[PDB]
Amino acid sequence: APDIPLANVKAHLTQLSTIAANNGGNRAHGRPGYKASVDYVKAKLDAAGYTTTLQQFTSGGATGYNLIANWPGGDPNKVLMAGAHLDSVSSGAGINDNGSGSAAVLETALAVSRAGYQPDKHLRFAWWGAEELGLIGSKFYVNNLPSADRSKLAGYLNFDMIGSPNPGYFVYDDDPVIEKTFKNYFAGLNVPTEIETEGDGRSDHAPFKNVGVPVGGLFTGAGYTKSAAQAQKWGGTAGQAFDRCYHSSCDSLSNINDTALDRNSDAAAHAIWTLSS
């Protein structure tokens, strides 16, 4: 797998920050900042050769969208999916929650095209809308997939908050194969990892997990406090939240730790290449 360039990931975050600033200060469901985010991501994917689909749904009286991108080729009966929610809360730009996961998945999708990669399994990427209203977009996608198509899903990888400013390195403890793939990557960098407990079933992997699709993912921490033991293994500040700007107006471009964002973006590409062989 390729090394994902941190500068390219940060460039997507800068574009999402500008879109929020030009649209009222946020990228929330039912507000212009969300559709403008979808448009930026879709344009990059269409230029790289992906087949893109906009799935529309209505929640809380407003139209939301999911963006689904399929890389042509691969085994249609074994699909590997990776995704991230693209909406923010209305209090701010949502750069770490979840511009960080959205940008890492977008750059990995662009890396597949730049590399001319032809995977054995078919690759599909998704950006979910309305996750902040209760996983509405990912629930809509799973509820609308016929059972014949659900059985073709080999796994779903989720990236939701992967650039926290005072980070931890947490790996989901769901499917064992996906979990091991991420743990082995971090072992090679000599970065320890811990099992994800803070989020639980509170992100877009839940609807997939509930219907039997193997799931996994990465997380760097939100409102919980980093312990002394955690600061010893990862650096940062003990006694302070992993993300002091969670759901706040200060979740902006300065609310990102570059080392964590780079390591998690690289880990995402490593898992996507490894599991699609």
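For every residue, the number given is its place in the sequence shown, counted from 1.
- Note: missing coordinates for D200 occur in a third or more of the other compared entries bracketing this position.
- Higher mean CA temperature factor between 62 to 70 and 220 to 228: 220 to 228, per the PDB entry.
- On average the C-alpha atoms of 231 to 239 have higher B-factors than those of the other stretch, with 44 to 52 and 231 to 239 being the two compared.
- Within the selection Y185, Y172, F125, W128, the deposited Cα B-factor values reach their highest point at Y185.
- Ranking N158, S100, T108, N190 by the C-alpha B-factor listed in the PDB entry places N190 at the top.
- Ranked within its chain, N255 lands in the lowest third, by CA B factor from the PDB record.
- For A154, the recorded CA temperature factor ranks within the middle third of the chain's modelled residues.
- In this PDB entry, the Cα temperature factor of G92 sits in the middle third of its chain's modelled residues.
- The entry lists a Cα temperature factor for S164 that places it in the lowest third of the chain's modelled residues.
- When all modelled residues of the chain are sorted by CA temperature factor, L16 is found within the lowest third.
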